[PDB]
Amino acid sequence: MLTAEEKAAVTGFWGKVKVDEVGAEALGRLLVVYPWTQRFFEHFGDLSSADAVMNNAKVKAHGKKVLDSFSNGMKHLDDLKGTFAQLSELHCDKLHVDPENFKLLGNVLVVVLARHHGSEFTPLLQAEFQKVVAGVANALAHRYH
């Protein structure tokens, strides 16, 4: 996964992260930019515009749950496969999310980190998080293997 240096760079940086609102903003931007993903989130209410998604209370709440399990993973970089095994069952067998969407959400979260942290979010640092979100993608997709 991540070398000794990498684990520590990512982790130092994660202490800075307003995780709750990044969570809400990432999932919100997911639903707007890639309309299809709304199909999993019908029961969340009115998702019929940008303004609707971005002020949808359950989208805010769920955002946080999503990013929380992500920050848990940030403490289990060596055992992502393990950390996400129950959620992999949820997304794969119950929800049937195609594993590509794990990558789009990853990518989108990266954009959100970029927006919040500006030029501190260096090419190198981003590249480190790209590995992390790719790791999270795998562990989530694993029970499709």
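Counting begins at 1, following the sequence as shown.
Stretch exceeding the other in mean C-alpha B-factor - 110-118, 81-89: Averaged over C-alpha atoms, the B-factors run higher in 81-89.
Per the entry, higher mean C-alpha B factor between 23-31 and 95-103: The stretch with the larger mean CA B-factor is 95-103.
Third of the chain, ranked by Cα B-factor, where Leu124 sits: It belongs to the lowest third of the chain when residues are ordered by C-alpha B-factor.
Lowest, middle or highest third - CA B-factor, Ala137: CA B-factor rank for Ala137: middle third.
Third of chain Cα B-factors occupied by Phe44: As the PDB entry reports it, the C-alpha B-factor of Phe44 lands in the highest third of its chain.
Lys16 by Cα B-factor - lowest, middle or highest third of the modelled chain: Highest third, going by the recorded CA B-factors of the chain.
Ranked against its chain, the third holding the CA B-factor of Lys60: Answer is lowest: the recorded C-alpha B-factor places it there.
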